[PDB]
Structure formats: structure tokens, C-alpha cells
Amino acid sequence: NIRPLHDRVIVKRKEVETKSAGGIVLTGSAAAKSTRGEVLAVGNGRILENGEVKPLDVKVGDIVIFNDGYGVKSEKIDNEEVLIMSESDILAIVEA
Amino acid sequence: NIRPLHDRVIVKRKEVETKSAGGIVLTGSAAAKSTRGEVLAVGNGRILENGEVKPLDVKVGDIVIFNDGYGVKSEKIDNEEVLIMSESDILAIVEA
Amino acid sequence: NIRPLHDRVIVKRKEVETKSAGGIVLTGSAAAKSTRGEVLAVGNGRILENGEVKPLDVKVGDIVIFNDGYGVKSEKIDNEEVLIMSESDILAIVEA
Amino acid sequence: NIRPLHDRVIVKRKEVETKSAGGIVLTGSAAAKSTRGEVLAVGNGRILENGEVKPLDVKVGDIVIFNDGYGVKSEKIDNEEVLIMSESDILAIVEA
Amino acid sequence: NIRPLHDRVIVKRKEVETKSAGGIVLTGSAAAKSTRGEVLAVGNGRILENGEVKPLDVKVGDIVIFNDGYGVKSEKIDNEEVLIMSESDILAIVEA
Amino acid sequence: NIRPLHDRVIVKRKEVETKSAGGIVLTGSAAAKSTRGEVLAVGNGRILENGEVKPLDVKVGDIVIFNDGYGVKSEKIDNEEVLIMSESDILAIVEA
Amino acid sequence: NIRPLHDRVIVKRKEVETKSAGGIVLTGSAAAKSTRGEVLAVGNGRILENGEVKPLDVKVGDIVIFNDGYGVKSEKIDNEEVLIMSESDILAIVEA
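And the structure:
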């Protein structure tokens with residue numbers, strides 16, 4: 002089990018859409034890596050300058066739309082790929 | 002349904018003006034993508050250093066003039082293009 | 002009608018001086034774009050870190066000497082060009 | 002009349018020294034533009050984070066040694082050149 | 002013995018996996034340096050702007066997934082290699 | 002007379018050592034410009050966020066070690082060269 | 002005698018190990034400059050934004066592992082080389 006520290010989130014990226022809306026199969030770079038993924042673990046919370054810990058608004062098990070960049074990192078836990086990213090890199094959460 | 006986090010805003014971009022003011026048809030890069038778009042969703046509000054959350058001055062359903070850049074991000078929801086951008090990237094709002 | 006957000010100003014750039022001081026007509030790069038323009042709209046005011054919004058020192062209808070750069074954006078409203086710039090980009094205000 | 006806002010100063014750059022100490026006339030790039038100039042106008046005062054405005058240490062009519070760069074801007078008022086620069090760009094003042 | 006100051010951690014990097022999940026031996030760049038390492042020493046703690054020193058959330062003897070970069074540094078203590086990195090450079094500790 | 006503003010210091014750079022410790026004459030780039038120089042004038046003091054002015058720890062007439070760079074500026078007063086540099090650019094004072 | 006101001010430390014770099022663990026002599030770039038050095042002088046202490054001076058955690062006469070970079074500087078006092086570096090550039094002190 003992996004749990005982050007401060008404003009950091011462990012997110013499992015969802016599989017890229019093999020088929021499009023109309024039923025056509027997408028292959029190669031056309032079926033680009035999905036930017037939404039379910040949240041596996043949430044850190045303790047963002048640290049402020051006054052010394053308090055502010056809990057992250059992201060909950061465990063909620064699909065979130067995030068951004069790939071230098072902030073995000075790829076890690077291998079039990080032969081599975083996870084993304085470690087700051088809560089700021091999380092653009093939004095997905096509900097319903 | 003998608004809702005943003007903190008200062009981020011979900012905006013649907015308005016369709017680029019195919020027709021100019023004087024009745025001439027605009028095509029190609031000349032009919033550039035509009036910088037105005039109706040706000041689809043407003044985040045909980047920007048977080049300050051003290052720990053309080055201040056609601057964003059933008060409202061859901063208000064057309065806003067925004068800036069394209071690294072901050073804004075393109076996303077697909079229900080087979081439709083939306084932009085995720087920080088409230089700072091929102092230049093202004095359009096009224097009347 | 003367009004009004005800005007936080008510390009932003011909508012300014013109407015004045016026409017570039019066609020003629021010089023002594024009556025010489027300037028054309029091309031000689032009649033460079035003017036850096037002074039009348040303020041069309043003033044935002045609510047700059048937001049401080051503590052959460053208080055202080056009104057901008059500029060006023061609607063006052064000519065301001067501004068700086069071109071990444072901060073200023075050229076938007077179009079009713080086939081007319083307006084510069085949206087942060088109040089910091091406003092170097093000075095023109096009185097009398 | 003032109004006056005600045007916040008921590009900005011309107012300065013009139015002094016004429017470059019045509020002759021050196023020994024009475025030799027200097028021309029071209031050798032007679033470089035002087036970095037000293039009399040202060041024409043002082044802004045209201047530097048903006049602080051807590052919301053207070055602190056008056057600038059410079060005074061109108063005092064010669065100041067300043068630095069050229071991106072901060073300083075050359076504006077024309079009544080066919081005369083004035084430097085608009087932040088108070089930080091002002092290295093020092095000249096007395097006696 | 003080596004101990005850090007402020008928000009710095011001394012970590013002993015784990016050996017790179019010679020064999021993969023299926024017993025397939027990996028060599029060269031394929032068996033890249035592991036981003037996990039057991040924590041050897043924890044500094045006194047990060048210093049905030051108010052002047053207080055807070056303890057780090059990382060405990061001595063806990064494996065941490067960290068990021069290699071300019072912040073991390075390699076040091077030779079008792080003919081052994083250790084990485085000195087800021088607590089921010091630590092991504093997530095490993096439990097069970 | 003010239004005196005600085007806020008966290009700035011006027012220093013007179015010492016003459017570059019012509020002869021080394023062993024009576025060997027050094028010339029050209031080998032006798033590089035000394036980083037040591039006596040303090041000629043001390044500004045009013047650094048300004049903090051809250052609005053108070055804290056006096057600089059350097060004293061007038063005390064030799065200091067300065068780091069050349071963008072911070073330091075070479076001005077001329079009474080045909081003599083003076084370095085205007087921020088107090089942060091001052092490394093260490095020289096006593097005895 | 003040389004002493005620093007604010008968060009600065011004067012450190013004498015230790016001699017670079019000529020021989021390795023097994024008694025083999027190392028020469029050239031292989032015997033790289035040591036990153037640990039005994040502390041010769043400690044500044045008054047780091048200054049925070051509120052105006053208080055926080056004493057440095059480094060004590061005089063303690064060997065510290067540091068980082069070479071733009072922050073560190075080389076100075077010649079009594080025909081001897083000393084590194085002037087901010088306490089942030091100090092990585093970790095050495096005990097026993």
C-alpha cells in the first residue's frame with residue numbers, strides 16, 4: 002500500500018478509449034492516454050505557511066480529470082502503474 | 002457532470018464567427034477561435050494562504066472573455082469540447 | 002457591455018498621432034501605436050492575500066499611459082478594439 | 002501633467018555630459034546616456050500585501066541615480082521624454 | 002553518522018531489481034535505478050515564515066518513493082552512497 | 002554626496018592587488034578586480050512586508066566582500082567609481 | 002577575521018581524498034573536490050519577513066556537507082581559500 006504526504010494523490014489512470022463514440026476503433030497515438038483516472042490514495046493535506054494542514058478536496062475512489070506534466074510521476078506498485086501528482090495538477094473531479 | 006476544484010472553471014467555448022460584421026464570410030485561420038465562452042461550472046473558490054476559501058466572482062451560465070494559454074486545458078465531456086481554466090485566466094465577464 | 006474582473010482594466014487605445022509636432026505627417030512605423038488610452042471599465046479591484054478586495058486607483062473615463070506586453074490582450078466588442086490589461090501594466094494616468 | 006500610481010516615479014533624465022572632467026569633448030557612445038535624473042512626479046506609494054500604502058522615499062525635484070532596463074519606460078509628454086520607472090529601479094538619490 | 006538540517010532527508014536507495022515479475026532478468030538501462038529507498042535520517046524539520054520548526058512527516062527507517070532531480074544529491078559516507086533530498090522531493094512513503 | 006535607498010549600499014572597491022603574497026607582480030586578468038571594498042554609504046534599511054524599515058547590518062566605513070553580478074551597478078561620482086549593490090549582495094564584513 | 006551577515010556561513014573545504022578505501026591513489030578529476038568542509042564562521046542568522054533573526058542551526062567548527070553552485074563563492078583570506086555559502090546551501094552536518 003502507498004499513501005502520499007502533504008498535497009499529493011495516487012491516481013490509477015483509466016484505460017484509453019479503444020473505440021470512439023460511433024463504434025470505430027482507435028489505434029496508435031490517435032487513442033491517446035486518458036487524462037481522467039480514479040483516485041487510489043489521498044495525502045494528509047496541503048500545507049500552508051501558518052503551519053496547519055488543510056485536507057485535500059479530492060476523495061478516495063473518485064475519478065478525477067488531471068494534467069500530465071513534470072509534476073506528475075509514474076510509479077510501479079504490484080506490477081501496476083500509478084500516477085503521483087500534486088492536488089493542484091488535478092484539474093477537476095468526475096461525478097455521475 | 003463535471004465540476005472543477007478551487008479557482009478552476011469549466012467553460013464551453015462559443016462557436017467561432019463564420020460571418021463577419023459586414024456580411025463577408027470568414028474561413029480558415031481568419032475565422033479564429035473565439036476567446037468568449039459561457040461558463041458551464043464554477044469551482045468551490047480560490048484558496049488563500051490563511052486557509053479560507055473565497056467564492057469566485059464568475060457565475061455559472063455567464064459568458065466570459067478568457068485567454069488561451071498553458072493554463073487552459075481542452076477536455077471532452079458527453080462528446081463535446083470544454084475548457085478547464087483558472088479564474089485568473091478569465092479576463093472578464095460578458096453582460097448584456 | 003464588458004467589465005473586468007479583479008485587478009483588470011478595459012481601455013480604449015487612442016488613435017496614433019498622424020501628424021508630428023511641427024505638422025509633418027507620420028506614416029508607417031513613424032505613427033507608432035499610442036501607449037495612452039481612455040479607461041472604458043474598471044474591475045472590482047485587486048484581491049489581497051488576506052481576502053480583502055481593494056478598488057483600483059484608476060477611474061472610468063481617465064486617460065492612462067499603459068505598457069504593451071503579454072499582460073494586455075486585444076479583444077473586440079461591437080467591431081471595436083479594447084485592451085484588457087492588469088492595473089499593474091498601467092504606468093500612469095493622464096490628467097489635464 | 003502626468004503623475005504615477007503606486008510605486009512608480011516620473012523622472013526627467015539629465016543631458017549626457019558632452020565634455021569630460023579635463024575639458025575634452027565626448028561624442029557618440031562614449032558620451033553615454035546619464036543614469037541620473039531629476040524626479041518629476043512621485044506615485045502615491047508602494048502597495049503592501051496587508052492593504053496599506055507606504056509613501057515612496059523619493060521626493061519631487063530630487064536628482065536620483067536610476068537603472069535602465071525593462072522596468073523603465075520612455076514616454077513623451079509635451080514633445081519631451083520622461084522615464085517611468087518603479088521605485089525599486091531607483092538606486093539612490095543625489096543630494097548636494 | 003550524518004543527519005540533515007531543516008527539511009532534508011538522508012535516504013539509502015534500494016538495489017535496482019535485477020529480475021522482473023516473471024523471473025525475466027533485466028540488465029542495463031532496463032534495470033533502472035529504483036526511486037524507492039529506506040530513510041536513514043530525518044532532519045530537524047521545515048522552517049516556516051513565522052519562525053517555528055515543524056517535524057517532517059517522514060520517519061526514520063521507512064521506505065519512501067522519491068524523485069531524482071536537481072534537489073537530490075549523492076554523498077559517500079562510509080564507502081556507501083546516500084541521497085540527500087528535501088522533504089518535498091519525497092513523493093510517498095511505503096507501508097506494508 | 003550620494004546615499005542609497007532602502008536595502009542598498011554604496012561601496013568603494015579596493016585597488017586590485019598588484020603583488021601577491023610572495024612579492025610576485027600580478028598583471029592583466031591575473032590581478033583580477035577585488036571583491037572587497039569599504040562601505041561608503043548605507044541606505045535607510047530593508048523594507049519588510051508589514052511596512053517597517055529594518056536597518057542594514059553593514060556600517061559606514063567597514064570593508065565588505067561583495068559579489069559582482071546584475072545587482073551591483075558601477076556609478077561615477079566626482080570622477081570616482083562606486084558600486085551600488087543590495088545588502089543581500091554583501092557576503093561578509095571584514096574585521097581586523 | 003571574517004564573519005558573515007544574515008544566513009551565510011564561511012566554511013573551509015577539506016582536502017580532497019588522495020587515496021581511496023583500498024589504498025589506491027586517486028589523481029586528476031577522479032579525486033574530485035570534497036563537498037564536506039569544517040565551518041569557520043556562522044552569520045548572525047536568517048532574517049524572516051516579520052523582522053526577527055532566526056539563528057542558524059550550524060555551529061562553528063562542525064564539518065558540513067554542502068553543495069557547490071552559484072550560491073557558494075570562493076574567497077581568499079590570509080592566503081587561504083574559504084567558501085561563503087547560504088545555510089540553505091549547507092546540506093547536512095557531520096557528527097562523529
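Chains as they are written, first to last, in the entry's author numbering: chain G, 2 to 97; chain D, 2 to 97; chain W, 2 to 97; chain T, 2 to 97; chain K, 2 to 97; chain Q, 2 to 97; chain N, 2 to 97. Just so you know, even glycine gets a beta-carbon here, dropped at the ideal spot from N, CA and C.
Secondary-structure assignment with DSSP links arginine 47 (chain K) through no beta bridge to anything. Cβ contact annotation for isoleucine 78 (chain N) (same chain, cutoff 7 Å, sequence separation greater than five): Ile3, in chain order. DSSP places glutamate 39 (chain N) in the strand class (E or B) of the three-state scheme. Against chain N, the CB of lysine 60 (chain Q) has no partner CB under 8 Å away; the residue lies outside that interface. Around the beta carbon of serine 21 (chain D), fewer than 16 other beta carbons sit within 10 angstroms, so the residue counts as exposed. When the five nearest sequence neighbours on each side are left out, the beta carbons in the same chain lying within less than 6 Å of the beta carbon of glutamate 76 (chain Q) are those of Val83, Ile85, in order along the chain.
A residue is called buried when at least 16 other Cβ atoms come within 10 angstroms of its Cβ; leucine 27 (chain G) does not meet this threshold and is exposed. In this structure the segment 42-57 of chain K lies against the segment 43-56 of chain N, because at least three pairs of beta carbons, one per stretch, are closer than 8 Å. Taking the CA atoms as reference points, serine 87 (chain Q) sits about 7 Å from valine 73 (chain Q).
When the five nearest sequence neighbours on each side are left out, the beta carbons in the same chain lying within less than 6 Å of the beta carbon of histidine 7 (chain N) are those of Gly44, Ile48, in order along the chain. Looking at the backbone, the Cα of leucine 92 (chain D) and that of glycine 38 (chain T) are separated by about 37 Å.
Listed along chain Q are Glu50, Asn51, each with a C-beta nearer than 9 Å to that of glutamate 50 (chain T). Distance from the CA atom of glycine 23 (chain D) to the CA atom of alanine 97 (chain D), rounded to whole angstroms, is 22 Å. Of the residues assessed, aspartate 69 (chain G) falls on the exposed side of the cut-off, its CB having fewer than 16 other CB atoms within 10 angstroms. If you ignore the 5 residues before and after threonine 19 (chain W), its C-beta comes within less than 7 Å of the C-beta of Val26, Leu27, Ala32, all in its own chain and listed in chain order. When Cβ-Cβ separations below 8 Å define contact, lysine 74 (chain W) makes contact with chain D. Within the segment 23-38 of chain W, the residues whose Cβ lies closer than 9 Å to some Cβ of chain T are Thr36, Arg37, listed in chain order.
Taking every protein chain shown into account, the CB of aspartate 63 (chain N) has fewer than 16 other CB atoms within 10 angstroms, so this residue is exposed. Collapsing the DSSP output to three states places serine 30 (chain K) in a helix. In this structure, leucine 41 (chain W) lies away from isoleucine 66 (chain W), with their beta-carbon atoms at least 8 Å apart. Under the Cβ criterion of 8 Å, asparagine 68 (chain W) is not counted among the residues facing chain D. Listed along the chain, the chain W residues whose CB falls inside 7 Å of the CB of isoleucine 91 (chain T) amount to none; the nearest CB is some 15 Å away. Around the beta carbon of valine 59 (chain D), a 10 Å sphere encloses 16 or more other beta carbons of the protein chains shown; the residue is thus reported as buried.
The C-beta distance from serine 35 (chain Q) to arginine 14 (chain Q) rounds to 6 Å, short enough to meet the 8 Å contact threshold.
It is roughly 18 Å from the alpha-carbon of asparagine 80 (chain D) to the alpha-carbon of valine 17 (chain D). Residues of chain N with a Cβ closer than 9 Å to the Cβ of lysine 55 (chain Q) are, in chain order, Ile48, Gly52.
Think of a sphere of 8 Å around the beta carbon of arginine 14 (chain T): no beta carbon from chain W falls inside it, the nearest being about 16 Å out. Among the residues facing chain W, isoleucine 85 (chain D) is not included, as its CB has no counterpart in that chain under 8 Å away. Residue pairing from DSSP places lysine 55 (chain T) in a beta bridge opposite T:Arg47. In the structure shown, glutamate 88 (chain Q) adopts helical secondary structure according to DSSP, grouped into three states.
What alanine 97 (chain D) touches in chain W, judged by beta-carbon distance under 8 Å, is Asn2, going in chain order. At a cut-off of 8 Å, the C-beta of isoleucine 94 (chain D) has a neighbouring C-beta in chain W.
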